[PDB]
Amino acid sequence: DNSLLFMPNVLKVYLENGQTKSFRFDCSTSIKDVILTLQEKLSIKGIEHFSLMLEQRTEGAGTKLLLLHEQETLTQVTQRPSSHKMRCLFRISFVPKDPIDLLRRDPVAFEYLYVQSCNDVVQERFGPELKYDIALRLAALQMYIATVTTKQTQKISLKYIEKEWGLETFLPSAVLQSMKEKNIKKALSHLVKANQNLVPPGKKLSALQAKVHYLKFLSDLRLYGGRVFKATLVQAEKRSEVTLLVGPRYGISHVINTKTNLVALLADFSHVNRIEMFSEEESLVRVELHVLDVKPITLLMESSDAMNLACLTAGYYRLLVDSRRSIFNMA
């Protein structure tokens, strides 16, 4: 079996709505090429927000996403380690700081962001920072949004949701394993009704306006458009293990203490002038961050983490700082 290909030289790409798409490649096709073909198929204007990623299945349950560079060749992608048992996903990797800005810009991309976020929320792709409290509240809106776009009833019925979709589809595994089904349904019952109580003075919440609310809750969070990396900081040729957080509100920052959400800026995206990677022992990659008014910062990282750091940093630079200028170029 092979999760990455349909066949020799035909790439399988999963969209966030469950669709699959195929791309014939030869030895010259780049990830950039497939992204442009997907921009055209899907009528996207904000392609700068999007990336192709590999889905790694880790030993314990849960997936790790490996960002792929545009200049990277598809053949070069099938040679990553155990490419055959990973999947290719098209996803928004560089989120706008306020979701509403995407909606006025590319509605297709905004709808794409809402569908991807729902999947992210239910599959616990945010940390435990997503408390069951928020998770149920998010579910009540996802549930609302699924109903108003399928039935005229503006009043939401768990019994419908139970049959048509399955309640479990809107809930994380943790609520499923920890909360009592009766307790979950009571919780949703009070929630949906209370939000229903918030709306009567107002005209009914449109699905689109509900989706805006769904993504605003998500936008105030740590792993929103962001990732956590282990890395080895080399400072005066001696080594220490660091945890980096790269995201839209953190530039490249370092986690000092999770308990107090203590994060330290190492570099705003605007202060990054270049990223360079080299090779070391046993798929260990040395990253050198060239930052304004400081000596370069040196990181020793596992190769796929090294690449997801460059991509995510270059991705947010292209988005938030300058669309033309390059910071990272593989060769």
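So that there is no doubt, residue numbering starts at 1 and follows the sequence shown.
- Here the stretch with the larger average CA B-factor, out of 54-62 and 285-293, is 54-62.
- Taking the PDB entry as given, 187-195 carries the higher mean Cα B factor of the two stretches 187-195 and 221-229.
- The PDB entry assigns the greatest CA B-factor among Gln79, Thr73, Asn119, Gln209 to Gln79.
- Comparing the listed residues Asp305, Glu280, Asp268, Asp26, the entry records the largest Cα B-factor for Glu280.
- Ranked by C-alpha B-factor against the other modelled residues of its chain, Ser93 falls in the lowest third.
- Among all modelled residues in its chain, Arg105 ranks in the middle third by Cα B-factor.
- Per the PDB record, residue ranking by Cα B-factor puts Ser83 in the highest third of the chain.
- Annotation for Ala139: C-alpha temperature factor in the highest third relative to the rest of the modelled chain, per the entry.
- Compared with the other modelled residues of the chain, the Cα B-factor recorded for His213 ranks in the middle third.
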